[PDB]
Amino acid sequence: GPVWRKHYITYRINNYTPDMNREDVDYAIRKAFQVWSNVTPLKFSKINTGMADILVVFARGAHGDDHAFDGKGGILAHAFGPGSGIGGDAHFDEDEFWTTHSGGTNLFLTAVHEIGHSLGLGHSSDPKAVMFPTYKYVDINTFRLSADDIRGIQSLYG
Ligand SMILES: COc1ccc(S(N)(=O)=O)cc1
Ligand SMILES: [Ca+2]
Ligand SMILES: [Ca+2]
Ligand SMILES: [Ca+2]
Ligand SMILES: [Zn+2]
Ligand SMILES: [Zn+2]
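So for the sequence shown, PDB author numbering puts the first residue at 106; every next one is plus one.
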């Protein structure tokens with residue numbers, strides 16, 4: 106499927122979850138992009154205005170695409186594969202409780218997964234992989250991509 110055909114990728118944070126400190130939202134998203142730029146030729150920059158490649162949105166229920174959210178639990182987030190317009194965009198369910206830690210749903214960990222989709226990755230059948238469909242908390246301070254995630258992303262880039 107689709108991949109970004111350029112090395113400098115931009116992201117924009119459309120709006121901020123009230124569940125977290127603003128600076129923590131910013132850092133969790135930055136860190137999540139870094140996971141992917143660590144293992145590809147990609148470079149990601151936050152822009153504050155105008156059109157980004159990847160728009161990060163928090164929203165609940167019906168929010169203007171074809172992927173209605175479902176309240177607390179169930180689908181936590183979803184994102185669009187590379188492409189123009191909504192392509193690349195990552196949407197986080199406001200009905201989750203977003204956090205920096207193991208409480209609620211960890212924003213960083215979810216963002217690593219969603220950004221994987223934003224870059225062109227589908228789900229992994231390997232429970233060890235970040236791209237495995239089921240959310241399971243792992244220590245964010247020592248987080249590492251599975252071998253499965255690395256071969257997947259490296260099949261698309263670099
Ligand atoms: C690790 O990150 C995630 C993010 C989302 C989901 S899901 N498919 O909405 O339950 C699973 C894992
Ligand atoms: Ca949900
Ligand atoms: Ca986009
Ligand atoms: Ca919330
Ligand atoms: Zn959406
Ligand atoms: Zn997914």
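Virtual Cβ for every residue (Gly too), placed ideally from N, Cα, C.
Under the 10 Å beta carbon count, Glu219 is surrounded by 16 or more other beta carbons and is classified as buried.
Here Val161 really is in contact with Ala195; their C-beta atoms are around 5 angstroms apart, less than 8 angstroms. The beta carbon of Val217 sits closer than 7 angstroms to those of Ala137, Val140, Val235, all from its chain and outside the five residues before and after it, given in chain order. Between the region 186-200 and the region 166-174 there are three or more C-beta pairs closer than 8 angstroms, enough to call the two in contact. Annotation: the continuous beta strand (DSSP E) that includes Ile118 extends over 113-118. According to the DSSP assignment, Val217 belongs to the alpha helix (DSSP H) that extends over 212-223.
Taking C-beta atoms as the reference points, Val108 and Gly225 count as a pair closer than 8 angstroms.
Between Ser142 and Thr115 a beta carbon distance of about 13 angstroms is seen, past the 8 angstroms cut, so the two are scored as non-contacting.
The DSSP-derived three-state label of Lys241 is coil. Within the same chain, Cβ atoms closer than 8 angstroms to the Cβ of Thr239 are found at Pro232, the five residues on either side in sequence being excluded. Taking 8 angstroms as the cut-off, the beta carbon of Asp244 is found no closer than this to the beta carbon of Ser229. Closer than 7 angstroms to some heavy atom of ligand 6: that describes the Cβ of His218. Spatial neighbours of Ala133 in its own chain (CB-CB distance under 7 angstroms, excluding positions within 5 residues in sequence) are listed in chain order as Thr205, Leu212, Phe213, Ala216. Counting only the Cα atoms, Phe185 lies some 12 angstroms from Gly106. Unbroken beta strand (DSSP E) stretches of 3 residues or longer found wholly inside the region 106-175: 113-118, 148-151, 159-164, given in chain order.
Rounded to whole angstroms, the separation of the alpha carbons of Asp124 and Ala164 is 12 angstroms.
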